[PDB]
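Here you get one chain, nothing else, as structure tokens; it is the form deposited without the named molecule.
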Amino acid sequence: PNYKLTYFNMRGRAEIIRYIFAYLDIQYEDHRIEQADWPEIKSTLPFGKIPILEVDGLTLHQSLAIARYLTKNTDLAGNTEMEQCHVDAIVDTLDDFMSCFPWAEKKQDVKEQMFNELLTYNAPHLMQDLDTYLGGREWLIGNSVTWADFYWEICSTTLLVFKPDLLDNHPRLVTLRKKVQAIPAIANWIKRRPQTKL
């Protein structure tokens, strides 16, 4: 069908969907809105958030709902129902952490202490948990790449913006990042995508 993704000009919460479409070699309109048009566009949305994915003018919302929809019956899904549960669980564990950040914070000091707090104390613990979880396997779940690996590469890319040294002690999480980045369709997208901070 006809796919149109609407988001800001950032990776943010649309990037997992952009990776999936890249990987499945599915063409879509990557619509990136002007911030000035935001109040308008927002009053057409089911819940006032983006991203939304229009599928033949049937609207889907909630980036991970959409991601799960798109990967259903693909090799990105997890190879069994329980492995699908582990893929969902890892994704939510990463999302829970990312959602802790006051991304829409006003007081640029209060923001920067919340950030410093989360990055100084919370992120290292998560990195260590993820490194133990991964251990010596190739991918986070099962014997092949799933969208949870994509989500790790996406989340950690943003986290490295604010904390460059995040993985100095975790070469195996770096390896996994570079393996996702090396999958040809993902590599092409990374090279083609707009360069944005977030």
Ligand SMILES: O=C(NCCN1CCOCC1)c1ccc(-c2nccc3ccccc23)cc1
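All residue numbers are counted from 1 along the displayed sequence.
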Between 72-80 and 108-116, which has the higher average C-alpha B-factor in the PDB entry?
108-116
CA B-factor ranking of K178, expressed as a third of its chain:
highest
So, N169's CA B-factor, relative to its chain, sits in which third? The highest
Lowest, middle or highest third - CA B-factor, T93:
lowest
Comparing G135 with the other modelled residues of its chain, is its CA B-factor in the lowest, middle or highest third?
highest
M10, C-alpha B-factor rank within chain (lowest, middle or highest third)
highest
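The form deposited with the named molecule bound is left out here; the points below concern that form.
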Picking from 22-30, 151-159, 128-136, 164-172, which part of the chain touches the named molecule in the deposited complex when contact means heavy atoms within 4.5 Å?
151-159
Of the residues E83, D75, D95, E112, which one places a heavy atom within 4.5 Å of the named molecule in the deposited complex?
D95
Taking any heavy atom pair closer than or equal to 4.5 Å as contact, tell me whether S99 reaches the named molecule in the deposited complex.
yes
Just to confirm, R18 within 4.5 Å of the named molecule in the deposited complex by heavy atoms?
no
Is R177 close enough to the named molecule in the deposited complex to count, meaning some heavy atom within 4.5 Å?
no
Does at least one non-hydrogen atom of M10 fall within 4.5 angstroms of the named molecule in the deposited complex?
yes
